[PDB]
file data_35.txt (compact mmCIF, N, CA and C atoms)
# COMPACT_ATOMS: atom_id res chain seq x y z
N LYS A 19 165.66 -44.66 35.43
CA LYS A 19 166.40 -44.92 36.66
C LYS A 19 167.57 -43.95 36.80
N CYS A 20 168.36 -43.81 35.74
CA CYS A 20 169.50 -42.91 35.74
C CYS A 20 169.07 -41.50 35.37
N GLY A 21 169.74 -40.52 35.97
CA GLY A 21 169.41 -39.13 35.70
C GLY A 21 169.88 -38.69 34.33
N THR A 22 169.17 -37.70 33.78
CA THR A 22 169.46 -37.16 32.45
C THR A 22 169.67 -35.66 32.58
N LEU A 23 170.85 -35.19 32.19
CA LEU A 23 171.13 -33.76 32.21
C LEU A 23 170.41 -33.07 31.05
N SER A 24 169.96 -31.84 31.30
CA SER A 24 169.21 -31.11 30.29
C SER A 24 170.15 -30.49 29.26
N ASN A 25 171.04 -29.60 29.70
CA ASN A 25 171.97 -28.92 28.81
C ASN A 25 173.37 -28.94 29.41
N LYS A 26 174.37 -29.01 28.53
CA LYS A 26 175.76 -28.95 28.96
C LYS A 26 176.59 -28.32 27.85
N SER A 27 177.72 -27.73 28.23
CA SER A 27 178.59 -27.09 27.27
C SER A 27 179.29 -28.13 26.40
N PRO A 28 179.56 -27.80 25.13
CA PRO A 28 180.31 -28.74 24.28
C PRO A 28 181.74 -28.90 24.76
N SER A 29 182.28 -30.09 24.52
CA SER A 29 183.61 -30.43 25.03
C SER A 29 184.69 -29.69 24.26
N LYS A 30 185.69 -29.20 24.99
CA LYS A 30 186.83 -28.51 24.40
C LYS A 30 188.01 -29.46 24.34
N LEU A 31 188.68 -29.49 23.18
CA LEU A 31 189.72 -30.47 22.89
C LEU A 31 191.12 -29.87 22.98
N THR A 32 191.37 -29.01 23.97
CA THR A 32 192.70 -28.45 24.17
C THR A 32 193.69 -29.55 24.55
N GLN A 33 194.94 -29.37 24.12
CA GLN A 33 195.97 -30.38 24.26
C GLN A 33 197.17 -29.82 25.02
N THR A 34 197.82 -30.69 25.79
CA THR A 34 198.98 -30.31 26.58
C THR A 34 200.11 -31.30 26.34
N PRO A 35 201.36 -30.84 26.32
CA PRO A 35 202.48 -31.77 26.12
C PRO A 35 202.80 -32.52 27.41
N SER A 36 202.97 -33.83 27.29
CA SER A 36 203.47 -34.62 28.39
C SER A 36 204.97 -34.42 28.53
N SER A 37 205.53 -34.93 29.63
CA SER A 37 206.97 -34.77 29.86
C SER A 37 207.46 -36.01 30.61
N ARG A 38 207.95 -36.99 29.83
CA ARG A 38 208.59 -38.21 30.35
C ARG A 38 207.69 -38.96 31.33
N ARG A 39 206.41 -39.04 31.01
CA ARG A 39 205.42 -39.66 31.87
C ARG A 39 204.84 -40.90 31.20
N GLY A 40 204.49 -41.89 32.02
CA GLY A 40 203.84 -43.08 31.52
C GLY A 40 204.77 -44.23 31.18
N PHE A 41 205.64 -44.60 32.12
CA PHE A 41 206.49 -45.77 31.97
C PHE A 41 206.11 -46.80 33.03
N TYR A 42 206.30 -48.07 32.69
CA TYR A 42 205.86 -49.16 33.55
C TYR A 42 206.91 -50.26 33.59
N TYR A 43 206.81 -51.10 34.62
CA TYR A 43 207.66 -52.27 34.74
C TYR A 43 207.22 -53.32 33.72
N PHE A 44 208.04 -53.53 32.70
CA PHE A 44 207.69 -54.39 31.58
C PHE A 44 207.96 -55.87 31.83
N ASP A 45 208.55 -56.21 32.98
CA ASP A 45 208.95 -57.58 33.24
C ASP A 45 208.88 -57.84 34.74
N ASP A 46 208.91 -59.12 35.10
CA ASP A 46 208.90 -59.52 36.50
C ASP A 46 210.18 -60.28 36.85
N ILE A 47 211.31 -59.76 36.39
CA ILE A 47 212.63 -60.32 36.66
C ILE A 47 213.47 -59.25 37.33
N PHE A 48 214.11 -59.60 38.44
CA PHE A 48 214.91 -58.65 39.19
C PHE A 48 216.20 -58.32 38.44
N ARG A 49 216.44 -57.02 38.24
CA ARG A 49 217.69 -56.53 37.66
C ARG A 49 218.22 -55.41 38.54
N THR B 540 224.18 -68.65 49.56
CA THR B 540 224.57 -67.78 50.66
C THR B 540 223.47 -66.76 50.90
N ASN B 541 223.52 -66.13 52.08
CA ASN B 541 222.57 -65.08 52.42
C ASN B 541 222.83 -63.84 51.57
N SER B 542 221.75 -63.14 51.24
CA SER B 542 221.82 -61.95 50.40
C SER B 542 220.97 -60.84 51.01
N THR B 543 221.30 -59.60 50.65
CA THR B 543 220.71 -58.43 51.28
C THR B 543 219.79 -57.65 50.34
N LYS B 544 219.30 -58.27 49.27
CA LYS B 544 218.40 -57.61 48.34
C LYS B 544 216.97 -58.04 48.60
N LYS B 545 216.09 -57.06 48.81
CA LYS B 545 214.67 -57.30 48.99
C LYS B 545 213.92 -56.66 47.83
N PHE B 546 213.09 -57.44 47.14
CA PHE B 546 212.36 -56.94 45.99
C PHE B 546 210.87 -57.20 46.14
N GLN B 547 210.12 -56.66 45.19
CA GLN B 547 208.66 -56.68 45.23
C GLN B 547 208.14 -58.10 45.04
N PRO B 548 206.95 -58.42 45.61
CA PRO B 548 206.49 -59.81 45.61
C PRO B 548 205.98 -60.34 44.28
N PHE B 549 206.09 -59.58 43.19
CA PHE B 549 205.78 -60.10 41.87
C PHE B 549 207.03 -60.59 41.14
N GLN B 550 208.19 -60.57 41.79
CA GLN B 550 209.44 -61.05 41.22
C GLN B 550 209.91 -62.28 41.99
N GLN B 551 210.48 -63.24 41.26
CA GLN B 551 210.94 -64.50 41.84
C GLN B 551 212.42 -64.77 41.61
N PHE B 552 212.93 -64.48 40.42
CA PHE B 552 214.30 -64.81 40.05
C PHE B 552 215.12 -63.54 39.84
N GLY B 553 216.42 -63.73 39.63
CA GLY B 553 217.34 -62.63 39.41
C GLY B 553 218.44 -62.96 38.42
N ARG B 554 218.59 -62.12 37.40
CA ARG B 554 219.52 -62.35 36.31
C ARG B 554 220.58 -61.26 36.28
N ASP B 555 221.83 -61.66 36.04
CA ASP B 555 222.94 -60.73 35.94
C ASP B 555 223.12 -60.31 34.47
N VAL B 556 224.27 -59.73 34.14
CA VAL B 556 224.52 -59.25 32.78
C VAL B 556 224.57 -60.41 31.79
N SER B 557 225.16 -61.54 32.19
CA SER B 557 225.30 -62.70 31.31
C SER B 557 224.08 -63.61 31.35
N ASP B 558 222.95 -63.13 31.88
CA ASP B 558 221.68 -63.88 31.97
C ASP B 558 221.85 -65.19 32.74
N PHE B 559 222.59 -65.13 33.84
CA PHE B 559 222.79 -66.26 34.73
C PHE B 559 222.03 -66.01 36.03
N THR B 560 221.41 -67.06 36.57
CA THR B 560 220.61 -66.93 37.78
C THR B 560 221.53 -66.68 38.97
N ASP B 561 221.48 -65.47 39.52
CA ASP B 561 222.32 -65.12 40.67
C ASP B 561 221.55 -64.97 41.96
N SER B 562 220.35 -64.40 41.93
CA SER B 562 219.55 -64.20 43.13
C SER B 562 218.20 -64.89 42.96
N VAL B 563 217.75 -65.55 44.03
CA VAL B 563 216.50 -66.31 44.00
C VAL B 563 215.76 -66.07 45.31
N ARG B 564 214.44 -66.28 45.27
CA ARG B 564 213.67 -66.41 46.49
C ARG B 564 213.60 -67.89 46.86
N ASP B 565 212.96 -68.20 47.98
CA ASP B 565 212.89 -69.58 48.43
C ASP B 565 211.43 -69.99 48.61
N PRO B 566 211.09 -71.25 48.33
CA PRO B 566 209.83 -71.79 48.84
C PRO B 566 210.04 -72.47 50.18
N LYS B 567 208.95 -72.92 50.83
CA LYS B 567 208.94 -73.54 52.17
C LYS B 567 209.34 -72.56 53.27
N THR B 568 209.59 -71.30 52.89
CA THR B 568 209.97 -70.17 53.73
C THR B 568 210.00 -68.97 52.81
N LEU B 569 210.25 -67.77 53.33
CA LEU B 569 210.39 -66.59 52.47
C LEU B 569 211.72 -65.93 52.79
N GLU B 570 212.72 -66.17 51.93
CA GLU B 570 214.07 -65.66 52.17
C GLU B 570 214.87 -65.60 50.87
N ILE B 571 215.56 -64.48 50.64
CA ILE B 571 216.34 -64.29 49.42
C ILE B 571 217.70 -64.95 49.58
N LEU B 572 218.20 -65.53 48.50
CA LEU B 572 219.45 -66.28 48.51
C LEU B 572 220.26 -65.95 47.27
N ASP B 573 221.58 -66.03 47.41
CA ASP B 573 222.52 -65.80 46.32
C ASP B 573 223.18 -67.13 45.95
N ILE B 574 223.24 -67.42 44.65
CA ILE B 574 223.81 -68.65 44.13
C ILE B 574 225.10 -68.31 43.39
N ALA B 575 226.15 -69.08 43.63
CA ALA B 575 227.41 -68.89 42.93
C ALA B 575 227.97 -70.24 42.50
N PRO B 576 228.67 -70.29 41.37
CA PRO B 576 229.33 -71.54 40.98
C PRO B 576 230.50 -71.86 41.89
N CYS B 577 230.80 -73.16 42.02
CA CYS B 577 231.88 -73.62 42.88
C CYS B 577 233.10 -74.09 42.08
N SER B 578 233.20 -73.70 40.82
CA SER B 578 234.40 -73.92 40.01
C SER B 578 235.11 -72.58 39.86
N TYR B 579 236.35 -72.51 40.33
CA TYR B 579 237.04 -71.23 40.44
C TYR B 579 238.53 -71.47 40.56
N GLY B 580 239.31 -70.50 40.09
CA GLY B 580 240.75 -70.52 40.26
C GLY B 580 241.48 -71.12 39.07
N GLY B 581 242.74 -70.73 38.94
CA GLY B 581 243.60 -71.22 37.88
C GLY B 581 244.60 -72.23 38.42
N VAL B 582 244.73 -73.35 37.72
CA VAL B 582 245.61 -74.44 38.12
C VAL B 582 246.62 -74.67 37.00
N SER B 583 247.90 -74.66 37.35
CA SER B 583 248.98 -74.88 36.40
C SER B 583 249.91 -75.96 36.95
N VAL B 584 250.46 -76.77 36.04
CA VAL B 584 251.29 -77.90 36.41
C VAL B 584 252.67 -77.73 35.78
N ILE B 585 253.69 -78.20 36.50
CA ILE B 585 255.08 -78.09 36.08
C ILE B 585 255.67 -79.49 36.03
N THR B 586 256.24 -79.86 34.88
CA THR B 586 256.84 -81.17 34.74
C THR B 586 258.23 -81.05 34.12
N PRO B 587 259.21 -81.82 34.62
CA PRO B 587 260.55 -81.84 34.03
C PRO B 587 260.69 -82.88 32.92
N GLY B 588 259.74 -82.89 31.99
CA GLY B 588 259.71 -83.91 30.96
C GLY B 588 259.05 -85.19 31.46
call {"tool": "encode", "arguments": {"input": "data_35.txt", "output": "structure tokens"}}
result
Amino acid sequence: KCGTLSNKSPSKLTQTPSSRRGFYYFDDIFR
Amino acid sequence: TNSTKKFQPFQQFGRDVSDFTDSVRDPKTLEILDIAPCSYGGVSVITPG
């Protein structure tokens, strides 16, 4: 049913530095 | 009393620095309100013995 790819390139694991990203509202109380 | 702070609908209460409830939403309507204690002021008495 689902398609199958024949060939694909191997995955590259290059890394990049984040910069002050990925913060969330930890509570549901108004401050 | 009436208050001028509008916040996101996942918040219900409001706490100050001393963790006292200062701002609240309302049920039976949708309106923000400010709560304050009604004990206030310094009282001093003078007696001549």
call {"tool": "select_by_dssp", "arguments": {"input": "data_35.txt", "residues": "chain B", "states": "strand (DSSP E or B)", "output": "list in words"}}
result
residues 541, 552, 553, 554, 560, 561, 562, 563, 572 and 573 of chain B
call {"tool": "interface_residues", "arguments": {"input": "data_35.txt", "of": "chain A", "to": "chain B", "cutoff": "7 Å", "atoms": "all atoms listed in the file", "output": "list in words"}}
result
residues 46, 47, 48 and 49 of chain A
call {"tool": "atom_distance", "arguments": {"input": "data_35.txt", "atom1": "CA of residue 43 in chain A", "atom2": "CA of residue 567 in chain B"}}
result
27.5 Å
call {"tool": "atom_distance", "arguments": {"input": "data_35.txt", "atom1": "CA of residue 577 in chain B", "atom2": "atom C of residue 560 in chain B"}}
result
13.1 Å
